[PDB]
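Here you get one chain, nothing else, as structure tokens; it is the form deposited in one PDB entry.
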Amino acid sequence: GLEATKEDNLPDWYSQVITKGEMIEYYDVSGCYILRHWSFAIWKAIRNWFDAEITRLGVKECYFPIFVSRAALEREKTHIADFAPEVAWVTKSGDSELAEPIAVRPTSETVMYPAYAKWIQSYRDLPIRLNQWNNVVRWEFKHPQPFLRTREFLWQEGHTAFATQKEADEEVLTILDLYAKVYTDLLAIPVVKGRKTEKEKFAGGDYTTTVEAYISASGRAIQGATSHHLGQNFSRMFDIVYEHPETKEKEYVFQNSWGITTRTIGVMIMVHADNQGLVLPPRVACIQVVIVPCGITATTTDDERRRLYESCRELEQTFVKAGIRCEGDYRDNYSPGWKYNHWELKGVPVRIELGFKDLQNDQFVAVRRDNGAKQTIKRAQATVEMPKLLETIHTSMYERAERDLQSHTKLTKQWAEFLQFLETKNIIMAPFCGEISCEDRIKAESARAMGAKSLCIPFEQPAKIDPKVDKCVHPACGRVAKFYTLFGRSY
């Protein structure tokens, strides 16, 4: 059983959910966590779905080295802030100090783009569309949290180069829509699509698009994935050029990069798990249905205790043959109540209870993990009804979370409401001038990590800004509002 509640002590409840749910094992290297099989399976489902999508689009998979040279890391950088990256440095091999230290990759721009330059010998080599499924390392000295913010993490990073800007812009949005679908269609999590402000975009790119999710327990937002248009910034840095076929001049390609991580799993937990443990979205759950025989007594029999099991096994096999990931729990040394708790902790979407009674009556009881409701299904209907049920669960889980998100997304034009909404765990849609210094003042004034940050400029604007009358929300700015921006406390 869980020993903390999502409302009273979120970090404790989260630690208990990931350990008692057998997702994570803690490690003696801080900021790094063991992914047990139960959570790695969810990553597998996410990874395979996304890879199939981008493969169908024409991206191809490759693998570049974990180590980056110091020369490549520092390439073409001239400002002093650029020269002390927080990368992990390998300085020796056994007892031999190395000639030149080499860095663990925090991301792979620096080692892929020299190769892109070599590989693009003419305009006919374009586009180049590659992706890696790999592990990167960012050794920051802040508070790490499993899944959400770790020093080593698994991800995919796609790096694309095109002859025209139009191609690249289109791809930025196609990839962002895939990431949105990861959250909504696989994980039943609503997200907000938008552009980062100038303050929050990737500094090496032209613009950054994002999907943001909302953690109602803390009232905080978290960036779920990212999709950048780099424009020509890196092509000019790394001389990724080709000769124009018509004008014959040297032209720089247009690039994107895009990435998503195991943070997905963290968001799933933070949004869906409850005070009894995990609640797995049906489409990624390793096991969707567990069958628990019950009604066995001390004097049930032995020759009947096996009959009940036989019927449970028959139903299990039917489910598996219908494409439903199902298992039976026939362990004799654990009570049915124990098994109930154990599989609720692991968040299996449907528990089946099957007792002698219901065997007698051609039926069984299906129990939804997300809301606890029980339903009697005639065995003849198992194959028809159980898929429908799993779809319903996904939909309830999504719509539940969506209503949460919308009821805590508050539109206002008034600074006082901005502050009040922020202290009551909302995120806020407000007219915004877009300026970096104004964003700084908004953050500094809203602090009581408690200052509000911009989350994204949402593609779906809640209303149309009137450039003629609408001003920025902050009382001391006074500039024309360029758009509505989403603000909140950012995880």
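Throughout, rigid core stands for the largest set of C-alpha atoms superposing within 1.5 Å between the two forms. Throughout, we count residues from 1 along the sequence that is shown.
One more form of this protein exists, namely the form deposited in another entry; it is left out here, but the text below deals with it.
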task: Please look at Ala84, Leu98, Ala71, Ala203 and say which one has a C-alpha shift reaching 2 Å or more between this form and the one not shown, core superposed.
output: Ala84
message: If I superpose the two forms on their rigid core, does the C-alpha of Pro11 end up displaced by 2 Å or more between this form and the one not shown?
response: no
field: Core fit, then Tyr309 C-alpha moves 2 Å or more between this form and the one not shown
entry: yes
query: Taking the rigid core as the reference frame, is the Cα of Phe356 displaced by 2 Å or more between this form and the one not shown?
result: yes
query: Would one find the Cα atoms of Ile80 and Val68 closer or farther in the other entry than in this form, where their distance changes by 3 Å or more?
result: closer
- line: Cα of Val68 vs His79, shift of 3 Å or more in the other entry, relative to this form: the pair sits closer
